[PDB]
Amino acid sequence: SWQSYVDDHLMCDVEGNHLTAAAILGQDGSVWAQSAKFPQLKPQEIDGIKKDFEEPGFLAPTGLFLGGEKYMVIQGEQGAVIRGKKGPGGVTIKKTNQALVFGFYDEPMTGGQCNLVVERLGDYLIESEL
C-alpha cells in the first residue's frame, strides 16, 4: 500500500536513524501517503519542483522551498532527483512515472542515506510502472 511504502520503505531505520519525515505524492500534488511530521507543501512549491525536473537548474540560483522553508539546492540527477540541504540536514525528491517521493532527514542521518531510501523506493515504483 502507499502507507506501507512510506512506513516500511522510506521510514526504515538505517544505521540507527531514520528520515524525519517522508511522503509519496501524486504529481498533481495530492498526498497518497505521508508520515506523521510531513509538512504541508504549497501549490507553487509543487509547481517549482515540476519545473525543475523539466528544466534542470531552475531552482538552483534561489533555492528549493518546501513548506516555506529554504533548502540550498545541491547536485541532483537531471529530470529525476532533486536534492537540497538545510543546516545539518536536507531532503531528496525522486520522480517516478506517476508520483513524487519525498524524504526529509536530520543529522546523524546523512544525505547519502536519505538518497538511498528515497531513490531505491522511487526505482522500485518505476519498475512497477508507478
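One rule holds for the numbers: they count along the sequence shown, beginning at 1.
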Worksheet item: Do the CA atoms of 59-67 or those of 38-46 have the higher mean B-factor in the entry?
Response: 38-46
Fill in: 50-58 set against 68-76, stretch whose average Cα temperature factor tops the other in the entry
50-58
Worksheet item: What third of its chain's C-alpha B-factors does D13 belong to: lowest, middle or highest?
Response: highest
Worksheet item: If you rank the chain by CA B-factor, which third does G84 end up in: lowest, middle or highest?
Response: lowest
Response to the item:
For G26, the third of its chain by CA B-factor is the middle
Fill in: Record-listed C-alpha B factor of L125: chain third
lowest
Practice prompt. Would you mind checking where the Cα B-factor of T92 ranks among the modelled residues of its chain, as the lowest, middle or highest third?
Written response: lowest
